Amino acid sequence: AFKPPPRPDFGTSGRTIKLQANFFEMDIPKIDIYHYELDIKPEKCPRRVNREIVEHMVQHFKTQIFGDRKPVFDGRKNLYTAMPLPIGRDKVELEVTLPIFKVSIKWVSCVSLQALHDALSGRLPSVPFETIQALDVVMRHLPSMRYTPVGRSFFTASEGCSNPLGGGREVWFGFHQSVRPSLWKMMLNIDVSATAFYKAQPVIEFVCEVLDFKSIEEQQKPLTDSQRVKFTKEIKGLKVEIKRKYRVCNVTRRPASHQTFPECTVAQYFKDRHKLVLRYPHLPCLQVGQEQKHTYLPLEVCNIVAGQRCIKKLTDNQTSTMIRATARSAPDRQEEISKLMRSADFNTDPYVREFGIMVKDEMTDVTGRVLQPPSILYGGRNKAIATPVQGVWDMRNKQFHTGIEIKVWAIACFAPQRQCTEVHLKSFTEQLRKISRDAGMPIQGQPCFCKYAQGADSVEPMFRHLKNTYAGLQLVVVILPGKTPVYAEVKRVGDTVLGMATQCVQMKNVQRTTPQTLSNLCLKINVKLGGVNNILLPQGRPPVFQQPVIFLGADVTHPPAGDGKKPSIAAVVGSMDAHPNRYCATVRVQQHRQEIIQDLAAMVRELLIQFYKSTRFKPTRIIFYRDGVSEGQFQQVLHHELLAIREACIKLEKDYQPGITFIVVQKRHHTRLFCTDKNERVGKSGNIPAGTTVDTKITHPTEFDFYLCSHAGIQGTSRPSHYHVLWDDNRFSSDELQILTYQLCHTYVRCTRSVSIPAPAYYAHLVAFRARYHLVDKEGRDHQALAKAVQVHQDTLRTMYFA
């Protein structure tokens, strides 16, 4: 229940493709290096201040201690040198003055780089984390002081240009950096990125950008409360400088001319003490420091401090500008990374040099294989087979494997009759019925009910009327004007209060229909009503299907940046047939920002019970695709969640012990793959083709992991999903697990495309997002209330309501 399995073999399936990865090979010396523990008092200092302290300390005490030695430092408590310091094992207390600190330096160990080499060649069974940590500190040392660290990235203002976003914000470009072991060598993983920062500009200019002034001379008088409040929202919490740096905690209500402190005015204080006559005395002051004290700075003497990341959500226009500034095709992204590596020149970093490290300036070459897609079987008379090409197929001249006959359905139009007229509704209905008949999901007649309504209050009484009036009602089609709170109310009432299938459609897609939008709509309707859109070609499936097996997908979704109290949402879905096509869902609220799925045992039990009810088989294997767990959480998550799956089995039946395969899926990581050969680039975005698989060179030196880019890249640079097998009772070969994973990406019911993660994992995201919708403005008695909100109706429990 602990150590991940070794890689069983390497995959052999599929034609080869030449790739380049944004991994840059490192040459690491084979010497010991030294680790010292540092303590700085006071210790409440920001990491960057600590780095400054240790910098001043090293230069100052070079005589006593650091002769020709260039230490690296993590900004907390860890210091490394390439040669021993003349300290012994003895602690030393050092006094360092910073333009006032006590610093103790105590040795703690020797880190062997030889051992890391041995572990990379699979001699040693495991990778020494602390050694990789040391190398990371070496590589981060100088950029952490030169640039602004954000996460594992570094950002700086661009030289020679500006990317304003408006509102006092601008784009900064930067790069991700991390050190990774691989089958080949140590690798430096580098990617480019961009994020929003506040412009270092005078606060007066900041005010102008936020209140949409061309100049401040526009604002004759004091600000309106409306303006002053808008300004306060934007600058509160930001750092400003006058030498002195300060955080802003408020904006005064009174202008500097009449704002007073004990008792004297602000404008008069600066006249007398600093011999300064304010322009703009009609403007308010920033309050800074302790909000309980009374330190006020006129706007005119303040600059926004450089290098503060913007944490607040961008406006829609700012987002537009950001996308426009940063979107790149895959070849353009590849060239940006390569260009950055040639300019970064890691090898003349004197700390990199001190530690004898070399970094290749060219991307690693790696060979991929492009897996063949499964064939897709449809139904009706013809039982048509679709063949995916470059990640896509379509349903033209095909009928659903099992299509639902729709006999009783209603329309509720919450869009205004003046815009979405009865003629629109009639036309939409005629076109929908045509497409549905072609798909083998015949809508046998007109709806039983078609009415206009307005506002969230009308939803529940209408739906109760419908449920009570129309026996055999299968579907309510709900037309919505655009973004509206009515949508969340429809899903509260449908999914959780009354247990009724609903399909919402925006008015614009009723007013003007296309065959492709209507066809996609039918994919969802058939699914919601219990149909089987299509199945993997049965004889083309891997051998795991010869015995009963259940596929689980699991995700936790965390609340947005800055949020302090909302729950995290855990979702787990399980397959319910042998195809595998149909799924049931479970969902829970749990502790804020907890990744481990707390109630997983109960959720899996529910799904196992429903699987047996649906198939009359007990799974001999459980294949668990777990989304979104980072490497630094693998052991904690595996420990709880593998045992929770076992617990669900044991409590169902004594000696019921199906084999478990536990696979982490990670869409968001920093590995990018590019075609080496221009003639392999697919489409306008120039990405690798769907089915591109990598399990050599850049993957783990001992464990069982692979990249699989299962989808067609439409825009930008494709994220190749990564799969790490943390447990495998079933002893899959690489080929069989890779092919299984790819085939499951072709079972997602909402589109005739291979998607970027397996259908079970994708459904878990949809379930979590629907629960978030059930919680809008609602997020022990507390836990109970949130838990009630996400519990679907008894009649919804067994459905694919989340599609």
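Each residue number is its position in the shown sequence, starting from 1. Between two forms, the rigid core is the largest collection of C-alphas that superpose within 1.5 Å.
Q: Superpose on the core, then say which of 192-200 and 572-580 ends up with the larger RMS Cα offset from this form in 6 other deposited structures of this protein.
A: The stretch that sits farther from the shown form in 6 other deposited structures of this protein is 192-200.
Q: After superposing on the rigid core, which of 507-515 and 226-234 has its C-alpha atoms sitting farther from this form in 6 other deposited structures of this protein?
A: Once the core is superposed, the stretch further away in 6 other deposited structures of this protein is 226-234.
Q: For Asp782, record whether it is unmodelled in at least a third of the other compared entries of this protein.
A: In at least a third of the other entries, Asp782 has no coordinates.
Q: Checking the other compared PDB entries, only those that cover the residues flanking it, does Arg418 lack coordinates in at least one third?
A: Looking at the other entries that model residues on either side of it, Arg418 is present in every one.
Q: If I compare the deposited sequence with the modelled residues, how many are absent between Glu779 and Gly780: none, 1 to 3, 4 to 9, or 10 or more?
A: The entry has 10 or more unmodelled residues between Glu779 and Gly780.
Q: Would you class the number of unmodelled deposited residues between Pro99 and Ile100 as none, 1 to 3, 4 to 9, or 10 or more?
A: Gap between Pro99 and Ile100: 4 to 9 residues without coordinates.
Q: Quick check: 487-495 versus 682-690, which has the larger average CA B-factor in the record?
A: In the deposited entry, the stretch with the higher C-alpha B-factor mean is 682-690.
Q: What stretch has the higher average Cα B-factor here, 669-677 or 360-368?
A: Result: 360-368.
Q: Just grab whichever of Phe634, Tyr269, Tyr583, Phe155 has the top CA B-factor as deposited.
A: In the PDB entry, the greatest C-alpha B-factor among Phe634, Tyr269, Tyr583, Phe155 is found at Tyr269.
Q: Using the temperature factors in the entry, find which of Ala768, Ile739, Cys751, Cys45 has the highest value at its Cα atom.
A: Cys45 has the highest C-alpha B-factor of those listed.
Q: Based on the deposited C-alpha B factors for this chain, I'd like to know if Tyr351 is in the lowest, middle or highest third.
A: Highest third, going by the recorded CA B-factors of the chain.
Q: Consider only the C-alpha atoms of the modelled residues in this chain, order them by B-factor as the entry records it, and name the third containing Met800: lowest, middle or highest.
A: Its C-alpha B-factor belongs to the lowest third of this chain's values.
Q: C-alpha B factor of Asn520, ranked within the chain: lowest, middle or highest third?
A: Lowest third.
Q: Report the third (lowest, middle or highest) to which the CA temperature factor of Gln474 belongs, ranking only the modelled residues of the same chain.
A: For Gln474, whose C-alpha B-factor we compare with every modelled residue in the chain, the answer is the lowest third.
Q: Lowest, middle or highest third: which one holds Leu377 when the chain's residues are ordered by CA B-factor from the entry?
A: Answer is middle: the recorded C-alpha B-factor places it there.
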